[PDB]
$ cat structure.txt   # compact mmCIF, N, CA and C atoms and all ligand atoms
# COMPACT_ATOMS: atom_id res chain seq x y z
N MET A 1 123.45 116.11 161.25
CA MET A 1 123.35 117.05 162.38
C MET A 1 123.85 118.43 162.03
N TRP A 2 123.35 119.44 162.73
CA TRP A 2 123.80 120.81 162.50
C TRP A 2 125.12 121.02 163.25
N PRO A 3 126.26 120.99 162.55
CA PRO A 3 127.55 120.84 163.25
C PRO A 3 127.96 122.06 164.06
N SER A 4 127.26 123.18 163.94
CA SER A 4 127.54 124.33 164.79
C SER A 4 127.14 124.10 166.24
N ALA A 5 126.25 123.15 166.51
CA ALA A 5 125.82 122.91 167.87
C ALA A 5 126.84 122.04 168.60
N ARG A 6 127.08 122.34 169.87
CA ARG A 6 127.83 121.43 170.73
C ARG A 6 126.93 121.00 171.87
N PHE A 7 126.82 119.68 172.05
CA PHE A 7 126.01 119.07 173.09
C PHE A 7 126.80 118.99 174.39
N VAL A 8 126.16 119.42 175.48
CA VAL A 8 126.72 119.19 176.82
C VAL A 8 126.13 117.94 177.46
N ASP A 9 125.05 117.40 176.90
CA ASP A 9 124.57 116.08 177.28
C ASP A 9 123.76 115.54 176.10
N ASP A 10 123.01 114.45 176.32
CA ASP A 10 122.29 113.83 175.22
C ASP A 10 121.26 114.76 174.60
N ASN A 11 120.77 115.76 175.34
CA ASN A 11 119.57 116.49 174.95
C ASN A 11 119.74 117.99 174.80
N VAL A 12 120.81 118.59 175.32
CA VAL A 12 120.95 120.04 175.39
C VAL A 12 122.24 120.44 174.72
N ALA A 13 122.16 121.40 173.80
CA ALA A 13 123.28 121.89 173.01
C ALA A 13 123.27 123.41 173.03
N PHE A 14 124.42 124.01 172.73
CA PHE A 14 124.49 125.46 172.59
C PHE A 14 125.25 125.79 171.32
N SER A 15 124.96 126.96 170.76
CA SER A 15 125.50 127.32 169.46
C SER A 15 125.41 128.82 169.24
N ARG A 16 126.02 129.25 168.13
CA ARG A 16 125.73 130.57 167.57
C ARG A 16 124.28 130.64 167.09
N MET A 17 123.85 131.85 166.74
CA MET A 17 122.47 132.03 166.31
C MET A 17 122.29 131.43 164.93
N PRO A 18 121.34 130.53 164.72
CA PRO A 18 121.11 130.05 163.35
C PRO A 18 120.54 131.18 162.51
N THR A 19 121.01 131.26 161.27
CA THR A 19 120.47 132.25 160.35
C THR A 19 119.16 131.75 159.75
N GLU A 20 118.44 132.65 159.05
CA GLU A 20 117.14 132.27 158.51
C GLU A 20 117.26 131.11 157.54
N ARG A 21 118.42 130.98 156.90
CA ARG A 21 118.68 129.90 155.97
C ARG A 21 118.84 128.54 156.67
N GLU A 22 119.08 128.53 157.97
CA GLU A 22 119.39 127.30 158.69
C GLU A 22 118.24 126.81 159.56
N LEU A 23 117.07 127.44 159.46
CA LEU A 23 116.01 127.16 160.42
C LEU A 23 115.45 125.75 160.26
N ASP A 24 115.16 125.33 159.03
CA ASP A 24 114.71 123.96 158.81
C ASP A 24 115.78 122.98 159.28
N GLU A 25 117.05 123.33 159.07
CA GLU A 25 118.16 122.49 159.52
C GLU A 25 118.12 122.25 161.03
N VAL A 26 118.03 123.31 161.83
CA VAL A 26 118.08 123.01 163.25
C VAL A 26 116.71 122.54 163.74
N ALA A 27 115.60 122.91 163.07
CA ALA A 27 114.31 122.33 163.46
C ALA A 27 114.28 120.82 163.26
N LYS A 28 115.05 120.30 162.30
CA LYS A 28 115.10 118.85 162.12
C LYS A 28 115.69 118.16 163.34
N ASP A 29 116.69 118.78 163.97
CA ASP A 29 117.41 118.17 165.07
C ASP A 29 116.92 118.61 166.45
N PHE A 30 116.27 119.76 166.55
CA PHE A 30 115.90 120.31 167.85
C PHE A 30 114.41 120.64 167.88
N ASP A 31 113.76 120.36 169.00
CA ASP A 31 112.34 120.64 169.16
C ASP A 31 112.07 121.88 169.99
N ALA A 32 113.10 122.50 170.54
CA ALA A 32 112.94 123.61 171.45
C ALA A 32 114.20 124.46 171.37
N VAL A 33 114.04 125.78 171.43
CA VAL A 33 115.17 126.70 171.38
C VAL A 33 115.05 127.69 172.53
N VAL A 34 116.18 128.00 173.15
CA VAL A 34 116.28 129.06 174.14
C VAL A 34 116.99 130.20 173.44
N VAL A 35 116.27 131.29 173.22
CA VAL A 35 116.76 132.38 172.40
C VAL A 35 117.19 133.48 173.35
N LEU A 36 118.49 133.70 173.46
CA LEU A 36 119.02 134.68 174.39
C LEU A 36 119.24 136.05 173.74
N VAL A 37 118.96 136.18 172.46
CA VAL A 37 119.30 137.42 171.77
C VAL A 37 118.14 138.41 171.91
N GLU A 38 118.51 139.68 172.03
CA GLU A 38 117.53 140.75 172.16
C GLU A 38 116.70 140.91 170.89
N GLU A 39 115.42 141.27 171.09
CA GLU A 39 114.45 141.35 170.00
C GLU A 39 114.99 142.14 168.81
N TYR A 40 115.57 143.31 169.06
CA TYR A 40 115.96 144.17 167.96
C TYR A 40 117.19 143.67 167.21
N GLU A 41 117.91 142.68 167.73
CA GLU A 41 119.06 142.12 167.04
C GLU A 41 118.71 140.86 166.26
N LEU A 42 117.43 140.47 166.27
CA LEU A 42 116.97 139.32 165.50
C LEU A 42 116.90 139.68 164.02
N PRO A 43 117.35 138.80 163.13
CA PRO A 43 117.21 139.06 161.68
C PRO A 43 116.01 138.37 161.04
N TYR A 44 115.18 137.70 161.83
CA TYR A 44 113.93 137.12 161.39
C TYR A 44 113.03 137.09 162.61
N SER A 45 111.74 136.88 162.39
CA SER A 45 110.80 136.79 163.51
C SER A 45 110.90 135.42 164.17
N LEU A 46 110.72 135.39 165.50
CA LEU A 46 110.71 134.10 166.16
C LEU A 46 109.48 133.28 165.80
N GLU A 47 108.50 133.86 165.11
CA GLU A 47 107.39 133.06 164.60
C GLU A 47 107.88 132.05 163.56
N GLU A 48 109.10 132.25 163.03
CA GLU A 48 109.69 131.26 162.15
C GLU A 48 109.82 129.91 162.84
N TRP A 49 110.12 129.91 164.14
CA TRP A 49 110.19 128.65 164.88
C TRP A 49 108.81 128.05 165.08
N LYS A 50 107.81 128.89 165.36
CA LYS A 50 106.47 128.38 165.64
C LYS A 50 105.87 127.71 164.41
N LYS A 51 106.11 128.28 163.22
CA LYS A 51 105.55 127.72 162.00
C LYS A 51 106.21 126.39 161.65
N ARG A 52 107.37 126.08 162.24
CA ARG A 52 108.05 124.79 162.13
C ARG A 52 107.77 123.84 163.31
N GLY A 53 106.87 124.21 164.24
CA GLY A 53 106.55 123.37 165.38
C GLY A 53 107.58 123.35 166.49
N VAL A 54 108.49 124.31 166.51
CA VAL A 54 109.57 124.35 167.49
C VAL A 54 109.16 125.28 168.63
N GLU A 55 109.27 124.78 169.86
CA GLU A 55 108.96 125.59 171.04
C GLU A 55 110.06 126.63 171.29
N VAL A 56 109.66 127.84 171.67
CA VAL A 56 110.58 128.96 171.85
C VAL A 56 110.49 129.48 173.28
N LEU A 57 111.64 129.62 173.93
CA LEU A 57 111.75 130.44 175.13
C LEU A 57 112.57 131.66 174.76
N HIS A 58 111.95 132.84 174.74
CA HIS A 58 112.68 134.08 174.47
C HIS A 58 112.98 134.75 175.80
N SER A 59 114.23 134.68 176.24
CA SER A 59 114.66 135.25 177.52
C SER A 59 115.95 136.02 177.24
N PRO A 60 115.84 137.23 176.72
CA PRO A 60 117.03 137.95 176.25
C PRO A 60 117.95 138.30 177.40
N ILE A 61 119.24 138.25 177.11
CA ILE A 61 120.29 138.72 177.99
C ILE A 61 121.09 139.73 177.18
N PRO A 62 121.16 140.99 177.61
CA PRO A 62 121.85 142.02 176.82
C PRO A 62 123.31 141.70 176.58
N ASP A 63 123.85 142.23 175.48
CA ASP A 63 125.25 141.98 175.13
C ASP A 63 126.16 142.28 176.32
N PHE A 64 127.09 141.35 176.62
CA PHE A 64 128.16 141.51 177.62
C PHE A 64 127.66 141.63 179.06
N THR A 65 126.49 141.07 179.36
CA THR A 65 125.97 141.13 180.72
C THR A 65 125.61 139.71 181.13
N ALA A 66 125.41 139.54 182.41
CA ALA A 66 125.00 138.23 182.90
C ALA A 66 123.51 138.21 183.21
N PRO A 67 122.84 137.07 183.07
CA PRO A 67 121.46 136.95 183.55
C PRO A 67 121.43 137.06 185.07
N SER A 68 120.29 137.49 185.60
CA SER A 68 120.09 137.38 187.03
C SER A 68 119.95 135.91 187.41
N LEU A 69 120.11 135.62 188.70
CA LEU A 69 119.93 134.24 189.14
C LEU A 69 118.49 133.78 188.91
N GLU A 70 117.51 134.66 189.16
CA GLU A 70 116.13 134.31 188.88
C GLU A 70 115.93 133.99 187.40
N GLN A 71 116.45 134.84 186.51
CA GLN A 71 116.33 134.57 185.09
C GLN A 71 116.93 133.22 184.73
N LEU A 72 118.11 132.92 185.27
CA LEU A 72 118.79 131.66 184.97
C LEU A 72 117.98 130.46 185.48
N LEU A 73 117.46 130.55 186.71
CA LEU A 73 116.62 129.48 187.22
C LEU A 73 115.40 129.27 186.33
N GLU A 74 114.79 130.36 185.86
CA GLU A 74 113.63 130.21 184.98
C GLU A 74 114.01 129.47 183.70
N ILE A 75 115.12 129.86 183.08
CA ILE A 75 115.60 129.18 181.86
C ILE A 75 115.85 127.70 182.14
N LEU A 76 116.56 127.39 183.23
CA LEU A 76 116.88 126.00 183.55
C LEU A 76 115.63 125.16 183.76
N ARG A 77 114.65 125.70 184.47
CA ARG A 77 113.43 124.93 184.72
C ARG A 77 112.71 124.64 183.41
N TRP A 78 112.76 125.57 182.46
CA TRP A 78 112.07 125.38 181.19
C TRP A 78 112.78 124.33 180.34
N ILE A 79 114.11 124.42 180.26
CA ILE A 79 114.90 123.38 179.60
C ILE A 79 114.56 122.01 180.18
N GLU A 80 114.54 121.91 181.51
CA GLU A 80 114.19 120.67 182.18
C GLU A 80 112.87 120.09 181.68
N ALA A 81 111.83 120.94 181.64
CA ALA A 81 110.52 120.51 181.19
C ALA A 81 110.58 119.98 179.77
N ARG A 82 111.29 120.68 178.88
CA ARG A 82 111.37 120.23 177.50
C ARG A 82 112.13 118.92 177.39
N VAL A 83 113.22 118.78 178.15
CA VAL A 83 113.98 117.53 178.11
C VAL A 83 113.11 116.37 178.59
N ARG A 84 112.30 116.61 179.62
CA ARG A 84 111.42 115.57 180.12
C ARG A 84 110.37 115.17 179.09
N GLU A 85 110.02 116.06 178.17
CA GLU A 85 109.10 115.74 177.09
C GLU A 85 109.75 114.94 175.96
N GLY A 86 111.03 114.63 176.07
CA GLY A 86 111.75 113.95 175.01
C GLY A 86 112.35 114.86 173.97
N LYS A 87 112.40 116.16 174.22
CA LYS A 87 112.83 117.10 173.21
C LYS A 87 114.33 117.35 173.34
N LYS A 88 114.95 117.70 172.23
CA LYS A 88 116.31 118.22 172.25
C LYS A 88 116.22 119.74 172.22
N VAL A 89 117.07 120.39 173.01
CA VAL A 89 117.01 121.83 173.23
C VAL A 89 118.30 122.51 172.75
N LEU A 90 118.16 123.62 172.02
CA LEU A 90 119.31 124.39 171.55
C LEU A 90 119.30 125.77 172.19
N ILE A 91 120.36 126.08 172.94
CA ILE A 91 120.56 127.39 173.57
C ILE A 91 121.40 128.25 172.63
N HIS A 92 120.92 129.44 172.29
CA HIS A 92 121.80 130.28 171.49
C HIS A 92 121.68 131.78 171.74
N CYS A 93 122.80 132.45 171.48
CA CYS A 93 122.92 133.89 171.53
C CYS A 93 123.58 134.32 170.23
N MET A 94 123.74 135.62 170.04
CA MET A 94 124.26 136.13 168.78
C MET A 94 125.59 136.79 169.02
N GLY A 95 126.58 136.39 168.24
CA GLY A 95 127.91 136.96 168.38
C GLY A 95 128.83 135.97 169.06
N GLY A 96 129.30 136.30 170.25
CA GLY A 96 130.18 135.41 170.97
C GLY A 96 129.46 134.20 171.53
N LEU A 97 130.05 133.59 172.55
CA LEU A 97 129.47 132.45 173.24
C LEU A 97 129.54 132.66 174.75
N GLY A 98 129.53 133.92 175.16
CA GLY A 98 129.55 134.21 176.58
C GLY A 98 128.24 133.85 177.24
N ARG A 99 127.13 134.37 176.71
CA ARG A 99 125.83 134.17 177.35
C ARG A 99 125.33 132.74 177.17
N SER A 100 125.38 132.21 175.95
CA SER A 100 124.94 130.84 175.75
C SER A 100 125.82 129.88 176.54
N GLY A 101 127.14 130.13 176.57
CA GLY A 101 128.03 129.28 177.36
C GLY A 101 127.71 129.31 178.85
N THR A 102 127.33 130.48 179.36
CA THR A 102 126.91 130.58 180.75
C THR A 102 125.70 129.69 181.03
N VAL A 103 124.69 129.74 180.16
CA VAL A 103 123.51 128.91 180.38
C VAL A 103 123.88 127.43 180.26
N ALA A 104 124.82 127.09 179.36
CA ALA A 104 125.26 125.70 179.22
C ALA A 104 125.96 125.20 180.48
N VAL A 105 126.83 126.02 181.08
CA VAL A 105 127.46 125.64 182.34
C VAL A 105 126.40 125.47 183.43
N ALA A 106 125.45 126.40 183.50
CA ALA A 106 124.40 126.32 184.52
C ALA A 106 123.58 125.04 184.37
N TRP A 107 123.32 124.63 183.14
CA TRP A 107 122.54 123.41 182.91
C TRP A 107 123.25 122.17 183.46
N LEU A 108 124.57 122.07 183.25
CA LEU A 108 125.33 120.95 183.80
C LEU A 108 125.30 120.95 185.33
N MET A 109 125.45 122.12 185.94
CA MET A 109 125.33 122.22 187.39
C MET A 109 123.93 121.82 187.84
N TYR A 110 122.90 122.35 187.17
CA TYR A 110 121.52 122.15 187.58
C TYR A 110 121.09 120.70 187.40
N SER A 111 121.39 120.11 186.24
CA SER A 111 120.85 118.80 185.87
C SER A 111 121.75 117.64 186.28
N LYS A 112 123.07 117.82 186.22
CA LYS A 112 124.05 116.78 186.56
C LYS A 112 124.69 116.99 187.92
N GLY A 113 124.40 118.09 188.60
CA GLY A 113 125.02 118.38 189.88
C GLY A 113 126.52 118.60 189.85
N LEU A 114 127.09 118.86 188.68
CA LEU A 114 128.53 119.10 188.60
C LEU A 114 128.91 120.37 189.36
N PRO A 115 130.02 120.37 190.08
CA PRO A 115 130.51 121.62 190.65
C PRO A 115 130.89 122.58 189.54
N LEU A 116 130.90 123.87 189.88
CA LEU A 116 131.13 124.90 188.87
C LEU A 116 132.45 124.70 188.15
N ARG A 117 133.52 124.36 188.88
CA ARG A 117 134.83 124.17 188.28
C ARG A 117 134.80 123.14 187.14
N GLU A 118 134.14 122.00 187.36
CA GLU A 118 134.13 120.96 186.33
C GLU A 118 133.19 121.33 185.19
N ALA A 119 132.03 121.89 185.52
CA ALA A 119 131.09 122.33 184.50
C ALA A 119 131.72 123.35 183.57
N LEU A 120 132.42 124.33 184.14
CA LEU A 120 133.12 125.33 183.34
C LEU A 120 134.16 124.69 182.42
N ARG A 121 135.00 123.81 182.97
CA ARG A 121 136.03 123.13 182.18
C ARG A 121 135.40 122.41 181.00
N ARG A 122 134.29 121.71 181.26
CA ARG A 122 133.63 120.94 180.21
C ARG A 122 133.21 121.83 179.05
N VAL A 123 132.45 122.89 179.35
CA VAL A 123 131.91 123.74 178.30
C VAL A 123 133.04 124.47 177.58
N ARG A 124 134.07 124.88 178.32
CA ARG A 124 135.18 125.54 177.65
C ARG A 124 135.94 124.55 176.77
N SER A 125 135.95 123.26 177.13
CA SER A 125 136.53 122.26 176.24
C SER A 125 135.76 122.17 174.94
N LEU A 126 134.45 122.38 175.00
CA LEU A 126 133.62 122.33 173.80
C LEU A 126 133.81 123.58 172.94
N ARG A 127 133.79 124.76 173.56
CA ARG A 127 133.99 126.02 172.86
C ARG A 127 134.87 126.88 173.73
N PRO A 128 136.17 126.98 173.42
CA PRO A 128 137.04 127.92 174.13
C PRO A 128 136.48 129.33 174.00
N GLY A 129 136.29 129.97 175.14
CA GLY A 129 135.73 131.30 175.21
C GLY A 129 134.41 131.36 175.95
N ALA A 130 133.70 130.23 176.05
CA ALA A 130 132.43 130.17 176.76
C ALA A 130 132.60 130.75 178.16
N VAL A 131 131.57 131.49 178.60
CA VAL A 131 131.59 132.29 179.83
C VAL A 131 132.70 133.34 179.73
N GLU A 132 132.33 134.54 179.30
CA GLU A 132 133.29 135.56 178.92
C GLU A 132 133.58 136.59 180.00
N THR A 133 132.66 136.85 180.93
CA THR A 133 132.82 137.98 181.83
C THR A 133 132.79 137.55 183.29
N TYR A 134 133.40 138.39 184.14
CA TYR A 134 133.37 138.18 185.59
C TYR A 134 131.93 138.10 186.11
N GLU A 135 131.04 138.93 185.58
CA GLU A 135 129.64 138.90 186.01
C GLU A 135 128.99 137.55 185.68
N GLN A 136 129.27 137.00 184.50
CA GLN A 136 128.73 135.70 184.15
C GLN A 136 129.24 134.63 185.11
N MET A 137 130.54 134.66 185.42
CA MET A 137 131.09 133.72 186.39
C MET A 137 130.42 133.89 187.75
N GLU A 138 130.11 135.14 188.12
CA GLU A 138 129.58 135.37 189.46
C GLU A 138 128.15 134.86 189.59
N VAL A 139 127.33 134.97 188.53
CA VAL A 139 125.99 134.41 188.68
C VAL A 139 126.05 132.88 188.73
N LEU A 140 127.06 132.27 188.09
CA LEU A 140 127.22 130.82 188.21
C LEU A 140 127.63 130.44 189.63
N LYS A 141 128.42 131.29 190.28
CA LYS A 141 128.75 131.06 191.68
C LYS A 141 127.50 131.18 192.56
N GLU A 142 126.66 132.19 192.28
CA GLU A 142 125.41 132.34 193.02
C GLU A 142 124.50 131.15 192.80
N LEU A 143 124.48 130.60 191.58
CA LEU A 143 123.69 129.39 191.32
C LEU A 143 124.20 128.22 192.14
N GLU A 144 125.52 128.01 192.15
CA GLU A 144 126.10 126.93 192.92
C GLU A 144 125.71 127.01 194.38
N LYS A 145 125.73 128.23 194.95
CA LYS A 145 125.33 128.40 196.35
C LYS A 145 123.85 128.04 196.54
N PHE A 146 123.00 128.49 195.61
CA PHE A 146 121.58 128.16 195.65
C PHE A 146 121.37 126.66 195.65
N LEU A 147 122.05 125.95 194.74
CA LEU A 147 121.86 124.51 194.60
C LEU A 147 122.39 123.74 195.80
N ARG A 148 123.57 124.11 196.30
CA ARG A 148 124.12 123.44 197.47
C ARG A 148 123.20 123.58 198.68
N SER A 149 122.27 124.54 198.66
CA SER A 149 121.40 124.84 199.79
C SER A 149 119.92 124.55 199.50
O1 LIG B 201 128.00 139.51 174.21
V1 LIG B 201 128.54 137.75 174.79
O2 LIG B 201 127.24 136.38 174.46
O3 LIG B 201 129.99 137.06 173.77
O4 LIG B 201 128.94 137.90 176.67

$ encode --input "structure.txt" --output "structure tokens" --more "lines below"
Ligand code: VO4
Amino acid sequence: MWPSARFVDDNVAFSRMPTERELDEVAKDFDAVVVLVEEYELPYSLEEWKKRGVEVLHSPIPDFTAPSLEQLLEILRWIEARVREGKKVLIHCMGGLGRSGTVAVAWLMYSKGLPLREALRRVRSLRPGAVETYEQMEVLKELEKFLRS
């Protein structure tokens, strides 16, 4: 297994950005990637995933900002579809683990119905530092309200 990934359930993991040297490595373990990094900060083309048969969702979230609730719902629904196909999914951003950690917490809320408090604790247990900003926490609160309703 690619030990940089941490799984929040049987099928969904989050990690730092794999480098071009690691692409075959994570393609062996994952069939789908959620790429949160902005186009201009990529060090290889995302066609690298396509030539390996890996499905790509490119939904960039700028450095130190939170996704909108709509953006997050779109990401979650796509992850859901891939998991239902039997695929393992890797969420990643470049640099810290604020943005990828936010999507990982949202996935636990969305798929397992965990309240935000427990989902946050879980992901932070996996990677201390996940969910870095007040804005990221606030969109997770907005998600929780959406789901409860
Ligand atoms: O720029 V971050 O993914 O550490 O919020």

$ closest_atom_pairs --input "structure.txt" --of "chain A" --to "ligand LIG 201 (chain B)" --cutoff "6 Å" --atoms "only C-alpha atoms and all ligand atoms" --output "CSV"
residue,atom,partner,partner_atom,distance
A:63,CA,B:LIG201,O1,3.8
A:64,CA,B:LIG201,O4,3.8
A:65,CA,B:LIG201,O4,6.0
A:93,CA,B:LIG201,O2,5.8
A:95,CA,B:LIG201,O3,5.8
A:96,CA,B:LIG201,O3,3.3
A:97,CA,B:LIG201,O3,4.7
A:98,CA,B:LIG201,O4,3.7
A:99,CA,B:LIG201,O2,3.9
A:132,CA,B:LIG201,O4,5.4

$ atom_distance --input "structure.txt" --atom1 "atom CA of residue 38 of chain A" --atom2 "atom CA of residue 102 of chain A"
16.3 Å

$ select_by_dssp --input "structure.txt" --residues "segment 36-70 of chain A" --states "strand (DSSP E)" --output "JSON, numbers by chain"
{"A": [55, 56, 57, 58]}

$ atom_distance --input "structure.txt" --atom1 "atom CA of residue 25 of chain A" --atom2 "atom CA of residue 42 of chain A"
17.9 Å

$ atom_distance --input "structure.txt" --atom1 "atom N of residue 118 of chain A" --atom2 "atom N of residue 106 of chain A"
10.5 Å

$ closest_residue --input "structure.txt" --among "A:134, A:44, A:49, A:14" --to "residue 89 of chain A" --atoms "only C-alpha atoms"
A:14

$ residues_around --input "structure.txt" --residues "residue 52 of chain A" --least-positions-apart "3" --cutoff "8 Å" --atoms "all atoms listed in the file" --output "PDB file with N, CA and C atoms, in the coordinates of the input"
ATOM      1  N   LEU A  23     117.070 127.440 159.460  1.00  0.00           N
ATOM      2  CA  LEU A  23     116.010 127.160 160.420  1.00  0.00           C
ATOM      3  C   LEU A  23     115.450 125.750 160.260  1.00  0.00           C
ATOM      4  N   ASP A  24     115.160 125.330 159.030  1.00  0.00           N
ATOM      5  CA  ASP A  24     114.710 123.960 158.810  1.00  0.00           C
ATOM      6  C   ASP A  24     115.780 122.980 159.280  1.00  0.00           C
ATOM      7  N   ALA A  27     115.600 122.910 163.070  1.00  0.00           N
ATOM      8  CA  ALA A  27     114.310 122.330 163.460  1.00  0.00           C
ATOM      9  C   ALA A  27     114.280 120.820 163.260  1.00  0.00           C
ATOM     10  N   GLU A  47     108.500 133.860 165.110  1.00  0.00           N
ATOM     11  CA  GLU A  47     107.390 133.060 164.600  1.00  0.00           C
ATOM     12  C   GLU A  47     107.880 132.050 163.560  1.00  0.00           C
ATOM     13  N   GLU A  48     109.100 132.250 163.030  1.00  0.00           N
ATOM     14  CA  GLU A  48     109.690 131.260 162.150  1.00  0.00           C
ATOM     15  C   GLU A  48     109.820 129.910 162.840  1.00  0.00           C
ATOM     16  N   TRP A  49     110.120 129.910 164.140  1.00  0.00           N
ATOM     17  CA  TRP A  49     110.190 128.650 164.880  1.00  0.00           C
ATOM     18  C   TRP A  49     108.810 128.050 165.080  1.00  0.00           C
ATOM     19  N   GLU A  55     109.270 124.780 169.860  1.00  0.00           N
ATOM     20  CA  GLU A  55     108.960 125.590 171.040  1.00  0.00           C
ATOM     21  C   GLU A  55     110.060 126.630 171.290  1.00  0.00           C
TER      22      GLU A  55
END

$ residues_around --input "structure.txt" --residues "residue 119 of chain A" --least-positions-apart "6" --cutoff "7 Å" --atoms "only C-alpha atoms" --output "NGL selection string"
:A and (105 or 108-109)

$ closest_residue --input "structure.txt" --among "A:21, A:148, A:28, A:16" --to "residue 87 of chain A" --atoms "only C-alpha atoms"
A:28

$ select_by_dssp --input "structure.txt" --residues "segment 40-139 of chain A" --states "alpha helix (DSSP H)" --output "number ranges by chain"
A: 47-50, 69-84, 98-112, 116-126, 134-139

$ residues_around --input "structure.txt" --residues "residue 140 of chain A" --least-positions-apart "5" --cutoff "7 Å" --atoms "all atoms listed in the file" --output "PyMOL selection string"
chain A and resi 106+116+135+145

$ closest_residue --input "structure.txt" --among "A:139, A:90, A:114, A:103" --to "residue 5 of chain A" --atoms "only N, CA and C atoms"
A:90

$ closest_residue --input "structure.txt" --among "A:68, A:130, A:33, A:121" --to "residue 56 of chain A" --atoms "all atoms listed in the file"
A:33

$ residues_near_point --input "structure.txt" --point "(110.7, 116.6, 174.3)" --cutoff "12 Å" --atoms "only C-alpha atoms" --output "ChimeraX atom specification"
/A:10-12,29-33,53-55,78-90

$ build_atoms --input "structure.txt" --residues "segment 79-93 of chain A" --atoms "N, CA, C and O atoms" --output "PDB file, in the frame of the given file"
ATOM      1  N   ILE A  79     114.110 124.420 180.260  1.00  0.00           N
ATOM      2  CA  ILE A  79     114.900 123.380 179.600  1.00  0.00           C
ATOM      3  C   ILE A  79     114.560 122.010 180.180  1.00  0.00           C
ATOM      4  O   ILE A  79     114.356 121.044 179.451  1.00  0.00           O
ATOM      5  N   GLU A  80     114.540 121.910 181.510  1.00  0.00           N
ATOM      6  CA  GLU A  80     114.190 120.670 182.180  1.00  0.00           C
ATOM      7  C   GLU A  80     112.870 120.090 181.680  1.00  0.00           C
ATOM      8  O   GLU A  80     112.772 118.903 181.349  1.00  0.00           O
ATOM      9  N   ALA A  81     111.830 120.940 181.640  1.00  0.00           N
ATOM     10  CA  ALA A  81     110.520 120.510 181.190  1.00  0.00           C
ATOM     11  C   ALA A  81     110.580 119.980 179.770  1.00  0.00           C
ATOM     12  O   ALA A  81     110.002 118.924 179.472  1.00  0.00           O
ATOM     13  N   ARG A  82     111.290 120.680 178.880  1.00  0.00           N
ATOM     14  CA  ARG A  82     111.370 120.230 177.500  1.00  0.00           C
ATOM     15  C   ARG A  82     112.130 118.920 177.390  1.00  0.00           C
ATOM     16  O   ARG A  82     111.729 118.026 176.637  1.00  0.00           O
ATOM     17  N   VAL A  83     113.220 118.780 178.150  1.00  0.00           N
ATOM     18  CA  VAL A  83     113.980 117.530 178.110  1.00  0.00           C
ATOM     19  C   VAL A  83     113.110 116.370 178.590  1.00  0.00           C
ATOM     20  O   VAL A  83     113.121 115.277 178.013  1.00  0.00           O
ATOM     21  N   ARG A  84     112.300 116.610 179.620  1.00  0.00           N
ATOM     22  CA  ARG A  84     111.420 115.570 180.120  1.00  0.00           C
ATOM     23  C   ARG A  84     110.370 115.170 179.090  1.00  0.00           C
ATOM     24  O   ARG A  84     109.890 114.031 179.107  1.00  0.00           O
ATOM     25  N   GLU A  85     110.020 116.060 178.170  1.00  0.00           N
ATOM     26  CA  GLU A  85     109.100 115.740 177.090  1.00  0.00           C
ATOM     27  C   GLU A  85     109.750 114.940 175.960  1.00  0.00           C
ATOM     28  O   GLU A  85     109.065 114.612 174.988  1.00  0.00           O
ATOM     29  N   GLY A  86     111.030 114.630 176.070  1.00  0.00           N
ATOM     30  CA  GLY A  86     111.750 113.950 175.010  1.00  0.00           C
ATOM     31  C   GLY A  86     112.350 114.860 173.970  1.00  0.00           C
ATOM     32  O   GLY A  86     112.781 114.375 172.913  1.00  0.00           O
ATOM     33  N   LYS A  87     112.400 116.160 174.220  1.00  0.00           N
ATOM     34  CA  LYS A  87     112.830 117.100 173.210  1.00  0.00           C
ATOM     35  C   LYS A  87     114.330 117.350 173.340  1.00  0.00           C
ATOM     36  O   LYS A  87     114.912 117.193 174.409  1.00  0.00           O
ATOM     37  N   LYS A  88     114.950 117.700 172.230  1.00  0.00           N
ATOM     38  CA  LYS A  88     116.310 118.220 172.250  1.00  0.00           C
ATOM     39  C   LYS A  88     116.220 119.740 172.220  1.00  0.00           C
ATOM     40  O   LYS A  88     115.373 120.302 171.519  1.00  0.00           O
ATOM     41  N   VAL A  89     117.070 120.390 173.010  1.00  0.00           N
ATOM     42  CA  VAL A  89     117.010 121.830 173.230  1.00  0.00           C
ATOM     43  C   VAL A  89     118.300 122.510 172.750  1.00  0.00           C
ATOM     44  O   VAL A  89     119.408 122.041 173.056  1.00  0.00           O
ATOM     45  N   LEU A  90     118.160 123.620 172.020  1.00  0.00           N
ATOM     46  CA  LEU A  90     119.310 124.390 171.550  1.00  0.00           C
ATOM     47  C   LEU A  90     119.300 125.770 172.190  1.00  0.00           C
ATOM     48  O   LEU A  90     118.374 126.556 171.951  1.00  0.00           O
ATOM     49  N   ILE A  91     120.360 126.080 172.940  1.00  0.00           N
ATOM     50  CA  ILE A  91     120.560 127.390 173.570  1.00  0.00           C
ATOM     51  C   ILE A  91     121.400 128.250 172.630  1.00  0.00           C
ATOM     52  O   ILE A  91     122.504 127.857 172.241  1.00  0.00           O
ATOM     53  N   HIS A  92     120.920 129.440 172.290  1.00  0.00           N
ATOM     54  CA  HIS A  92     121.800 130.280 171.490  1.00  0.00           C
ATOM     55  C   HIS A  92     121.680 131.780 171.740  1.00  0.00           C
ATOM     56  O   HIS A  92     120.649 132.284 172.183  1.00  0.00           O
ATOM     57  N   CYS A  93     122.800 132.450 171.480  1.00  0.00           N
ATOM     58  CA  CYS A  93     122.920 133.890 171.530  1.00  0.00           C
ATOM     59  C   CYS A  93     123.580 134.320 170.230  1.00  0.00           C
ATOM     60  O   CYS A  93     123.964 133.479 169.419  1.00  0.00           O
TER      61      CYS A  93
END
